[PDB]
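These protein sequence lines are chains P, D, O, G, K and C, in that order.
So the first sequence is numbered by the entry's author numbering: it starts at 2 and just counts up by one.
So the second sequence is numbered by the entry's author numbering: it starts at 66 and just counts up by one.
So the third sequence is numbered by the entry's author numbering: it starts at 1 and just counts up by one.
So the fourth sequence is numbered by the entry's author numbering: it starts at 2 and just counts up by one.
So the fifth sequence is numbered by the entry's author numbering: it starts at 2 and just counts up by one.
So the sixth sequence is numbered by the entry's author numbering: it starts at 1 and just counts up by one.
Encoded as C-alpha cells, the structure appears first; notes follow it.
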Amino acid sequence: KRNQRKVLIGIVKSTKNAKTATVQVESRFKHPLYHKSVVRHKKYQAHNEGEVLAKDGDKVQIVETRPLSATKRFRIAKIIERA
Amino acid sequence: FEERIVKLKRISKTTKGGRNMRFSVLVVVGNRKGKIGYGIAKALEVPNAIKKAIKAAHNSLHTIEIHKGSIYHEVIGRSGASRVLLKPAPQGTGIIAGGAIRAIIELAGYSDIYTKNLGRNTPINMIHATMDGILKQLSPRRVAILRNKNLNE
Amino acid sequence: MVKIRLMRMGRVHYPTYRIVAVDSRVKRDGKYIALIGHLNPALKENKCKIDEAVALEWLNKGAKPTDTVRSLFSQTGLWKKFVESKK
Amino acid sequence: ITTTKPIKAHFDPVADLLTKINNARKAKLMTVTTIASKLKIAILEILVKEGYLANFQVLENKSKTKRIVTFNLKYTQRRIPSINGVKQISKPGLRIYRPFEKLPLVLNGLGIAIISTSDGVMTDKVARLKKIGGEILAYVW
Amino acid sequence: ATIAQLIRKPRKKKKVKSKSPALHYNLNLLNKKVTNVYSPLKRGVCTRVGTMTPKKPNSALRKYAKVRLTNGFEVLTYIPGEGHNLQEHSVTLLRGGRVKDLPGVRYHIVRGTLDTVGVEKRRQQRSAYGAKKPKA
Amino acid sequence: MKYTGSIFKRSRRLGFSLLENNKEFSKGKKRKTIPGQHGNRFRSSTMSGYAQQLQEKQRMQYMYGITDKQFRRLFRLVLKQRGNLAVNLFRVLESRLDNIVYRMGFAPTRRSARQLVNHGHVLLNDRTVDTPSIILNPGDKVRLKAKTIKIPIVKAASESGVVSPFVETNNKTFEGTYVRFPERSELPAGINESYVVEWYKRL
RNA sequence: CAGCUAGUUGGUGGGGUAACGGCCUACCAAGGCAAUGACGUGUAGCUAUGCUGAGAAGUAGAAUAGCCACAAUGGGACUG
RNA sequence: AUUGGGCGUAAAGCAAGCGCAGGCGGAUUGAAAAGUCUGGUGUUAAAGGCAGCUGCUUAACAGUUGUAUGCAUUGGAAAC
C-alpha cells in the first residue's frame, strides 16, 4: 500500500455551504533569508459526509484523494474532539 | 628595526600674514620579533621630523607573542570609530593587507594574516586600532593559568 | 523502441562516444535513463570498456542494439550470456 | 540567608544572566542576585565546572514559592576576572539553530559556547565529540 | 531595525541610473516602441553647430554640436581635436563620456567616422581624432 | 611580441644581470645608471611598494624571456596545486624546456637555445618538441636529437658548460636529465620572488 | 491597485471525457477568494548554469541541455 | 548592514495619549512532539564547478572517476 498521506491538523471555520466545510491550516516555516520563524494560514476544503456536524472550533485531520471538484480537493481522515 | 614610514602630512596653522607649513610624519619601527612602536611628531623639515618620530617610537615599544607566526583567535580593533579585522590565517597564505596594516604586521615579524578595514582609513586611527586589537589579545597560557583547566584543556 | 545508440561527446575531429540507453524518439546527445560505459573509437586495443551491469538489464527488459553496438556486444561476449539466458 | 533586599528578574533568563555578569565584571563587583530558573541553574553549573565563577547557591524562602540564586565570579589577587567577553546568539524571536556539521568554535577553542541540543547545557567540544548540534545559548570568551 | 519589522518591510537598493541613457534607447518604425537595449554607441545627424563657454575654473571657447540620434532623442555633444568637419545636417556617430567644462554636454563624436573626418597632422596615439599611421 | 629589442638596457634599469655576471662587467666601459637621457640622478626618490614590486616582476620574467599573459597562466597553474608558493613557482619556471636547455650549457645564451628548441634541434624523451612551454618532471631524459650537432655555436658551449647538480648531462653523447628540483640558493638570488608572489591578488 | 468573482461556491439527475471534475447540462441555495495582498498594472519563457563574491549571495538566463509555448494572424475539426 | 549600519548637535524618535490585530512575554510539574537535533531509505539528468587521473608535442582543450546541495518519508531524543 504505497499511496502517500499528508497528516495536517486543521481547524473548521464555517460549513455554511451545504454539506461542505472549510478548514484552516497553520504551517510553521523559516523565512528563507531572515531565519526567523513565522506561521501562515492556508484555507483548505473538505465536504461534510454527514458522520459528525463540525461546528465552530472543531479541529480535524485531512487525507489526500482524487479531485472531487474544483476548489474542493481533500477529504477528512481522522476527527479530533472539540476544545 | 626597519623604521618604515607610512604617511607624511603637510599640516599647517595660520598666523597673521603667512602660513606655518610644518609638515609632520608617522613612522612604524619593529624588531621583526615582537617589538613594535610608532612615532608621530611635527617639525619644520623632513629629516628632523623623521628623527623626532623615530625617537618617540623607539622610546616606547612593547612586546607581542608568536603563535605559529600569526594570531590564533579572532579580534576586532575598536579605536575612535575605526575598526580593523584580524583573522588567524592558515600558515601558507602570507601577508595580505593595506598600507598601514601591512606596515604594522610585517614590522612585527608576523606571517599569514587575514585583514580588512572598516569605517575610516586615516593612518593614525588605523595604527591605534591595530595595536589595540593586537594587545587586547589574550594568550592561551594566560587564560589557562586563570582557569582550573590549565592542563591543555 | 528504446535503442542502444552512440553519442558523439567530444571535440572536433575527436569523437568519444558514451554508449547510451536512449529511447527511439530522442535526438542525438540527449537525456537518457542509464549510462553504458563509453567509447573512444580512435584508440584501439580495448579502449572500449563497458559497465556490463545495467546493459544486460536493459536488454532483458527491452533494448535494441545498433551495428556499432553489435560490434561491441560481439567481442565482449554479451550474446553468449544473453541469448542462452533468454531460453 | 535573609538578604533583606527586594530583587526582581529582568526578562528572558539568558539575557537576564548575561547583563548581570557583564555589569559585575566591569564594576569589579563580587556577587549579584537574581531569581532562579532551571535553565539558569544548568548554565551556572556548566560554567562553574569550567571554573569561570565562584560560589553559587540557589536559595528559597521558608517555603517553595520563590527560589533565587546568587554567584561569585572567579577572581585573582591582582583583581582581574576570568571572563573576557560574553555575547548571546540566541535572542527572543531570533533563536539560532545549528547543525553539528556547521558548529562554530569560539576563539579557536579558547572561548566557550553553550549548546543545549537535547540533554541540556554542554560544552561545544563535548558536543562535537557527541556530534550533536542544535540550539546555541551564548558565546563566552 | 528589529527583524519583526524588516519582515514587514523588506530592504531596497539604491538602483543607480546610467551615466548616459541616450545611447541606450532604440525605437523602430512599423509599430514603433522603445526597448532600451543599452547600445554602446549610436549614430546621428547634427542639427545645430556652434560654440559655448565653459564654467568658472576654466576659460575657453568649446565648439559644440546638437545631434539627433537614430532614435528620437536629442543630445548636446562636444567635438574632439583641432578643427572639425561639421556640415549642418552632416550624418555623424556618437560617443559617451562626460565633460566637466560644459554643463549639459555629456557626449563626444567618434572622430574618423562616416562623415566627420579625423584631424590630420596627428601622430600621438593616433586613435582618438581618427588619424591613420603616417608613412615612415 | 615574444622577442625584446635590447637586453643590456633591461639590466641597466632593472639593476640585475640578464647574464651570469657580464651584463655590466665593464663591457665598453659598462655602466649601471638608468637608460635614456635622464640617467643623471633618479637614484631613489619615489621608491614605492608598487614600484619595487613591478621591478621584481620584470626582473623575474625578463631573465626567463616570458610575457605577461602566459606568466599569469603559469602563476594560476602553480597556484592550482598544494605546497609552498614561491619555491613551487620557481620550480615550474625551472621546468621550462628552454631554461633546462640553457642549464644544460649546450648554448651560450637562452635566446640561441630557444631558437634551437623551436627549430626542432631538441629532442626530449625520444620525442621531438616544438613548444618551449613543456613542463619537465624529475627523471626525464633529454638528448640533442642526435642531429644538427655540426653547429659552431653549440660546440664551445657543449664542451664548456657548467654542470649544475640539479640537472646532469653527458657532453659527448649530448644527453641530459632533470633529476632534482633546483634549490633557492642554487640559482641567482638577485630576485626577491616573494614580492612577486604576493604581488598577485588576481585570484 | 480595496474589494473581487455569478459556472463564480456548494449539492442533486443526466451526458460527456483516456480518466477526475460546473466540463456541460435540467433543478436548488448564495456562496467563495481577499491586508498572510485578492483583483489590476507593467515586467518576464522557467531550470541546470555563466560572471562576480570568502560568504550570506548579487546578476544574465550566451553556446548547450531538461521542461514549456509557437509556427503570417485568428478559429474549427477529420485522420492517426 | 541576516551574517554586517544608525536615529542629541552630521540624513533619521511621529506633538502627545487610548488602544484592536500582530510580535515578544514570570516560575513549577506531565504529556504529546510542530519546530529543534541526530539514524536509515528514496530522490536531487548529463554537461559545467572542485580534485585526481587519462589523452591530445603541452596549456587552450577533450575524456574518466570521486566530490557536494535540498526535499519527501521512516527510528529515535525531549534541553528549549
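Even for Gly, the Cβ is constructed at its ideal location relative to N, Cα and C.
How would you list, in chain order, the residues of chain G whose beta-carbon sits under 7 Å from the beta-carbon of residue i?
i                     : result
residue 208 (chain D) : 111
residue 139 (chain D) : 108
Applying a beta-carbon distance threshold of less than 8 Å, which residues of chain P neighbour residue i?
i                    : result
residue 94 (chain G) : 37
By the criterion of Cβ-Cβ separation under 9 Å, what are the contact partners of residue i in chain D?
i                    : result
residue 51 (chain G) : 212, 213 and 214
In chain G, which residues lie less than 9 Å from residue i when you measure between Cβ atoms?
i                     : result
residue 193 (chain D) : Near residue 193 (chain D) there are no residues of chain G at all, since even the closest Cβ is about 20 Å away, more than 9 Å.
Does any residue of chain P bring its CB to less than 8 Å from the CB of residue i?
i                     : result
residue 7 (chain K)   : yes
residue 110 (chain K) : no
Residue i: which of the options sits nearest, CA to CA?
i                     : options                       : result
residue 101 (chain C) : C:141, C:22, C:34 and C:192   : C:141
residue 86 (chain O)  : O:69, O:4, O:62 and O:19      : O:62
residue 63 (chain D)  : D:74, D:97 and D:180          : Residue 63 (chain D) falls outside the range modelled here, since chain D spans only 66 to 218, and no answer is possible.
residue 196 (chain C) : C:158, C:4 and C:60           : C:60
residue 164 (chain C) : C:172, C:144 and C:185        : C:185
residue 98 (chain K)  : K:48, K:3, K:20 and K:53      : K:20
residue 38 (chain O)  : O:70, O:48 and O:78           : O:48
residue 132 (chain D) : D:88, D:204 and D:103         : D:204
residue 54 (chain P)  : P:41, P:13, P:7 and P:9       : P:13
residue 78 (chain P)  : P:61, P:23 and P:84           : P:61
residue 84 (chain P)  : P:72, P:57, P:76 and P:70     : P:57
residue 32 (chain P)  : K:57, K:70, K:75 and K:8      : K:8
residue 75 (chain G)  : G:29, G:20 and G:11           : G:29
residue 80 (chain P)  : P:66, P:50 and P:17           : P:50
residue 25 (chain G)  : G:103, G:63, G:80 and G:12    : G:80
residue 109 (chain G) : D:138, D:145, D:151 and D:150 : D:138
residue 6 (chain K)   : P:10, P:35, P:23 and P:11     : P:35
residue 33 (chain O)  : O:42, O:2 and O:60            : O:2
residue 68 (chain O)  : O:40, O:51, O:14 and O:12     : O:40
Can you find a C-beta in chain D that's less than 8 Å from the C-beta of residue i?
i                    : result
residue 85 (chain G) : yes
residue 77 (chain G) : yes
Are the C-beta atoms of residue i and some chain G residue less than 8 Å apart?
i                     : result
residue 200 (chain D) : no
residue 73 (chain D)  : no
residue 203 (chain D) : yes
Contact defined as beta carbons within less than 8 Å: I believe residue i pairs with residue j. What is the distance between those atoms, to the nearest angstrom?
i                     : j                     : result
residue 53 (chain G)  : residue 91 (chain G)  : About 19 Å separates the two Cβ atoms, so there is no contact after all.
residue 132 (chain K) : residue 123 (chain K) : 4 Å
residue 46 (chain K)  : residue 90 (chain K)  : 6 Å
residue 159 (chain D) : residue 195 (chain D) : At roughly 18 Å, the Cβ-Cβ gap does not stay under 8 Å, so residue 159 (chain D) and residue 195 (chain D) are not in contact.
residue 73 (chain C)  : residue 132 (chain C) : Incorrect: roughly 14 Å between the Cβ atoms, too far for contact.
residue 220 (chain D) : residue 95 (chain D)  : With chain D running from 66 to 218 in the structure shown, residue 220 (chain D) is simply not present.
residue 117 (chain D) : residue 108 (chain D) : 6 Å
residue 106 (chain G) : residue 15 (chain G)  : In fact, because the Cβ distance is near 20 Å, the residues do not count as touching under 8 Å.
residue 8 (chain O)   : residue 29 (chain O)  : 7 Å
Is there a Cβ from chain K that is less than 8 Å from the Cβ of residue i?
i                    : result
residue 42 (chain P) : no
Which residues in chain K sit within 7 Å of residue i, going by Cβ to Cβ distance?
i                   : result
residue 1 (chain P) : What the structure shows of chain P is the stretch from 2 to 84, and residue 1 (chain P) is not part of that stretch, so it cannot be assessed.
Can you list the residues of chain C that residue i reaches, using a CB-CB cut of under 7 Å?
i                     : result
residue 166 (chain D) : The contacting residues do not exist; residue 166 (chain D) stays about 13 Å from chain C at best.
Please compile the residues from chain G whose C-beta is within a distance smaller than 8 Å of the C-beta of residue i.
i                     : result
residue 153 (chain D) : 109
Could you list which residues in chain C have their beta carbon closer than 9 Å to that of residue i, in chain order?
i                     : result
residue 157 (chain D) : 82, 83, 84 and 85
What residues of chain D sit near residue i, judged by a beta carbon separation below 8 Å?
i                     : result
residue 198 (chain C) : 159, 160 and 161
* Along the segment 24-58 of chain C, what residues have a CB closer than 9 Å to any CB found in chain D? -> Of all residues in the segment 24-58 of chain C, 49 have a Cβ within less than 9 Å of some Cβ in chain D.
* Going along the chain, which residues of the segment 64-80 of chain K sit with their C-beta nearer than 8 Å to a C-beta in chain P? -> For the segment 64-80 of chain K, which is checked against every Cβ of chain P, not one residue is closer than 8 Å.
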